[PDB]
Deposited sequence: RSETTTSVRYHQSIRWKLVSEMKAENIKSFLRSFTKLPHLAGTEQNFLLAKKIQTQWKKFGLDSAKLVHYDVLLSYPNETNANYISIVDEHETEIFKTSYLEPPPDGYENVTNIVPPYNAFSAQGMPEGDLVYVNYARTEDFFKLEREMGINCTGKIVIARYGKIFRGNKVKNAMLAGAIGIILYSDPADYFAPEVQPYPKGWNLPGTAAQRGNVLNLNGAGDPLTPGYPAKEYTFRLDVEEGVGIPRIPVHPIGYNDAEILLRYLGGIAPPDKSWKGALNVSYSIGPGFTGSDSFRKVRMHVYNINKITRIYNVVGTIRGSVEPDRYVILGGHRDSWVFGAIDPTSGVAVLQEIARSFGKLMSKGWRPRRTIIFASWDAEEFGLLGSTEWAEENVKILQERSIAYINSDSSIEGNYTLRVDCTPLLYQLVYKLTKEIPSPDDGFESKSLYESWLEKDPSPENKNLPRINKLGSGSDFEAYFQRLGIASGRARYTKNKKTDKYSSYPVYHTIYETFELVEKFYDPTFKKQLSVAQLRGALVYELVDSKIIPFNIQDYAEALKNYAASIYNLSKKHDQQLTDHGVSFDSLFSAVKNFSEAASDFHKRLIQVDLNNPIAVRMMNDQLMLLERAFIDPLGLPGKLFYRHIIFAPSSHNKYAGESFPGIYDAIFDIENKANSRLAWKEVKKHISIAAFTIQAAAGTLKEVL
């Protein structure tokens, strides 16, 4: 078949050569090297035979360290004397433009104060410090370990607590894998390395200065002081050797339980302040600059021969913090190999039914900026014509098995294609990827099917799925979560994401990265070429039954209040019931369609394409204009995680502590009512008359 030719044409050795070619130098967004990489990708796409490959630019707010006012953290004594102050991988000694560690969009400042350790700086950590312990963060400098929630939420949480700065660091408890050596001898995080990353709280907005509209040359911009999601205290990241020095002499209360204690050789006392030392106060000095900077997406097409006005988007970012060998360059290499293989199909006369859009996004590391501004530019065509979005970010975050996150519309297609891709796993040489994946990660809901996760947030699919309602999917290799308990991967967002890391320690044969390229490519092919779009709406109906039961279960602890405030989930369950009926009836009709009647086929394809759109509410969620998906929009507590019925969940979260209960419960009623309506409206789009 054509799909087998697409998949079998891709080669591990090609992914390896692409990765090596794109990881020799840093390619930070907004810098010359990442523009040069765009031009190289565009030349390659033209060579592969794509119909177009253009650079599309935007001018967006980025953030960089000041090369002549370096950031640092220090400890001073009571006489203001500096007692301690903070200060390339082998083979890259000659590389001159590695950005030092920083947290993009930090406020500027030189705050000084007593230090308080805040664990993960989650909402519950601050609740505990303030409510239980009676500790006052006003005004203190807090130190938090990375993990559990997106780093921007840690900063927002610290701001809410009156902290005047926040230090972030990587605890070996969370980022150091047991019995593996630190880079370069193994793949673990060294004590000298800090994790870069932006600290905006954008909630899907894109460029901070132009929420809702693409950042073109003429475009109105907010004043920088009003930029969406920009924090108002300094934030800076350090490695664990430096963190150990800061934590060592914290006094005050002992860590409250083992869940506060990391792995360094220190007490994990909370503070505030020091005991047993010259160590008296902590200072931060952070002076990164925000500047409007041009960024460049590469956007290419293969136009459909039958439905050129219907799109499947294969999009991945290419900007990195340093070399980004895993994040994102492993996905950049995969995207090139996919485009090469579609070009080989074209060379023998194939053209797809619908149009494929290839996209290499810029400035993802600064808040999904390139992918979001292109969605904002092209919203009117994208919302009326897009079948799906398949991401192409990191392909290789571990080497145990496949992970897939996607809308329930795509579950059946994912299971179908993974059965036709050879497994790359040792011991599965005559078996498919489906078989190895089912063995290694069975679904809790059905032991006979592999696990597929919800799509949440934190990579370029976000605006397409959570704002525009375009069915989306991602797939990558990952770690074994039952045994591997560290966050992300050890060298995430550090200078040590190198080609050598990936080749030596992750996937020496490149077979695992090949399997991810084959699946992302086969997903695009089947969505763009199948006469009938390969979605299954009954799988959405079953997902909604699970999510309704879950939010309802969460409400049982408040059962008396539900009764007293006249709160009922009846309408939600009724909508779910009606959706399941409409989806069953829709599939009964769909098998009867006359495949030789183009308008009959196109009307049913429109219903499959527009089903995800029905869940988008243009009013958004409370305080979040750009999160519109009523089933799947984000975790308010961790942007990386997806949350179901977010309007209901946010309304009921910590409700027992809301000042005004009558008001709080009416908000729960509001969001229940919205979810019921939206699911009923979605069911209505499936009806025949």
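The chain's deposited sequence has unresolved stretches at 1-12, 100-103, 294, 707, with no C-alpha coordinates there.
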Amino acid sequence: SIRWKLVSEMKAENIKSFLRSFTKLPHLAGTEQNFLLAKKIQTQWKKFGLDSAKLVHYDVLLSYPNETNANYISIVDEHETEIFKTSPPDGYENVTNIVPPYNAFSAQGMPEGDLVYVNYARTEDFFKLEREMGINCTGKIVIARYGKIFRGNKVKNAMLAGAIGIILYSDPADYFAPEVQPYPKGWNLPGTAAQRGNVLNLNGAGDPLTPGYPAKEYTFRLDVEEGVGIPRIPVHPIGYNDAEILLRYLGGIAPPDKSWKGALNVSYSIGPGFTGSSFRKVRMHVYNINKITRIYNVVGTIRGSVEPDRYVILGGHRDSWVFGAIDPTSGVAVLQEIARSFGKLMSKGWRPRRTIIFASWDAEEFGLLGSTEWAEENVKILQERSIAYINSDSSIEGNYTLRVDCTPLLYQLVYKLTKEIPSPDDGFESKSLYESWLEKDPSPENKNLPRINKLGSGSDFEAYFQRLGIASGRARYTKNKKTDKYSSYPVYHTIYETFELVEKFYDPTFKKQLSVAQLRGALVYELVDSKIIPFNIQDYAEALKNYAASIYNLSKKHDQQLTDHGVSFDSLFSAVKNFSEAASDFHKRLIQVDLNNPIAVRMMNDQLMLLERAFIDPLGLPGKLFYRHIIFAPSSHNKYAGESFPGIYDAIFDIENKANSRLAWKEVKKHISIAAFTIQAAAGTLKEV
From here on, numbers count along this sequence of modelled residues.
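Per the records, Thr483 is among the residues left out by at least a third of the other compared entries, whereas the shown structure includes it. Remark: stretch with higher mean C-alpha B factor among 126-134 and 303-311 is 126-134. The stretch with the higher mean CA B factor, choosing between 356-364 and 223-231, is 223-231. Taking the PDB entry at face value, the top CA B factor among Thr372, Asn578, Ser74, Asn596 belongs to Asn596. Listed residues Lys531, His587, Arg451, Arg340 were ranked by CA B-factor as deposited; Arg451 comes out on top.
When the modelled residues of the chain are ordered by C-alpha B-factor, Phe18 sits in the middle third.
Remark: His27 belongs to the middle third of its chain, ranked by C-alpha B-factor as recorded. Per the PDB record, residue ranking by Cα B-factor puts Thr407 in the middle third of the chain. Placement of the Cα temperature factor of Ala664 within the chain: highest third of the modelled residues, per the deposited record. In this PDB entry, the Cα temperature factor of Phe48 sits in the middle third of its chain's modelled residues.
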